[PDB]
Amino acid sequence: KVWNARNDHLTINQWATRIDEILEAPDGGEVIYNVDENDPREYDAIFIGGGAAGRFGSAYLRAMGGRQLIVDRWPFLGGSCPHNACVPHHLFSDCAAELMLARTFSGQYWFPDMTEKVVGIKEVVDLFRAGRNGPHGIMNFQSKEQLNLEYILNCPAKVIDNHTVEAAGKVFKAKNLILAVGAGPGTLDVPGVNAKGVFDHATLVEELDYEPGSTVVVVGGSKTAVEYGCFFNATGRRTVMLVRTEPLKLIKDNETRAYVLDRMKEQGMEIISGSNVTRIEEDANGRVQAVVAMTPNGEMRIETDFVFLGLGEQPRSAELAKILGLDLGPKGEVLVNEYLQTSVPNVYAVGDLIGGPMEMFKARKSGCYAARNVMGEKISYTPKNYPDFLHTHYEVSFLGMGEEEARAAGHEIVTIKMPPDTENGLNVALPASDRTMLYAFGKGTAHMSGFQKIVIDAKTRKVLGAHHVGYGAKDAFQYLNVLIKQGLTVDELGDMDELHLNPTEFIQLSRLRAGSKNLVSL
């Protein structure tokens, strides 16, 4: 049936419960119909998909005084992020970091004895499944009651043409379409890939009905592969990462990458470069029993009953491209100009549908910029020079140039880092800050307290790049990147007010060198 929700006003937690019920419904659940049928204005845009791009684009268009409609096949707004992407990933990475701490200090202070202890993966996935309706509920509530958005949920949109969309058995006209249906999990064209026990980010939180055995094979080297792999390792499982190219290439600074990889290997992870799965072996019960892959050292066969695919996502372009005549790129991404316009008049495309980088900032901003163009503002969007981050068992944050990259680009450079390059190497009690204090003080753990570096042009004194391994700097890199894009010098960094003990020591270490006209690394 169709639930006309326009004049109902559920709380956040009532929404959480209602969304849970609809997801539970054997028949698939009612359509959530939240349309202002008394507003006579034409729709400025209909958004196909209500994930990060469609939801933020709708919020911005409505804020500018335009009329929008979201259509989404899920009964909640927010798309993959709350249901199977950014949110669960963060729950698992929280677990990975806490578990590394517990295993390092096993049996000390309040920490349990972790020797032999295998943590239940299904237990944590079930926690996520039991709690994910909370964020769903906030999405539906905030969108309807605070952002004044119109939306039809739990209903696939049927695009008829570049001005016409069917939803909930009704036809809606709009001045523009904004295509925001995202991307689907990448898959592997090998025998056995459909065996029971092979999972991706989407299927893991829907179909995990058993506790994995002692070994996990992760396919891929993407952020998702590394984040999930470190969680699986932290639960106590032999974890083999089959990377197609080079592991963690995203970390351009060689010293930072080496520190991160070394810490992963110290936790027991096996990282295989240049590897390609050739077969997933099934046992007679139809479950994965082994993974066979070609590697630089020959064929490798790993016995396992649990495989996690962390491959690149694939834009959901096929049906829309057939209906509308959209020009597509080599990976199936919808091609757009710098105004987010597709090859089809009055059709924009945003978010993961337009390809990399597939990040939340890109999805939300492309949605908003498409909205501004729909509302008559000529505004271009090309994502460039952004900060980035990934989880291992640490938070890893980076922006700008790595040290070698900056030298190769012609810059005379100095660096300011922690710990310093000395005979004792990493085995010193800095850097140290919130959630690295036990590492900094424990017996033999000082090398685990983190790593960080800024790359500086020796003559202009400008900061060219920043790199951090530890905890609590990720949020800072958002604002620091803005400052660096403005032309931040080592002197200006030293002039700031630090909040000691700080995750990034850049401010005070810069101050220690900024008094000299001829800069020297620290």
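Counting begins at 1, following the sequence as shown.
Per the PDB record, is the mean Cα temperature factor higher over 345 to 353 or over 320 to 328? According to the PDB entry, the answer is 320 to 328.
Looking only at CA atoms, which has the higher mean B factor in the entry: 22 to 30 or 450 to 458? Stretch with the higher mean C-alpha B-factor: 22 to 30.
Tell me, please, which of 313, 72, 200, 421 has the highest C-alpha B factor according to the deposited entry? Largest recorded C-alpha B-factor: 421.
Which one of 296, 137, 229, 88 shows the biggest C-alpha B-factor in the PDB entry? Answer, based on the entry's C-alpha B-factors: 296.
C-alpha B factor of residue 445, ranked within the chain: lowest, middle or highest third? As the PDB entry reports it, the C-alpha B-factor of residue 445 lands in the middle third of its chain.
Using the B-factors in the PDB entry, rank residue 486's C-alpha atom against the chain and give the third, lowest, middle or highest. Ranked within chain, residue 486 CA B lands in the highest tercile.
Grab the CA temperature factor for residue 196 from the record and place it in the lowest, middle or highest third of its chain. Top third by C-alpha B-factor.
Once the chain's modelled residues are ordered by C-alpha B factor and cut into thirds, is residue 389 in the lowest, middle or highest one? Ranked within chain, residue 389 CA B lands in the lowest tercile.
By the recorded C-alpha temperature factor, relative to the other modelled residues in its chain, which third is residue 493 in? Ranked within chain, residue 493 CA B lands in the highest tercile.
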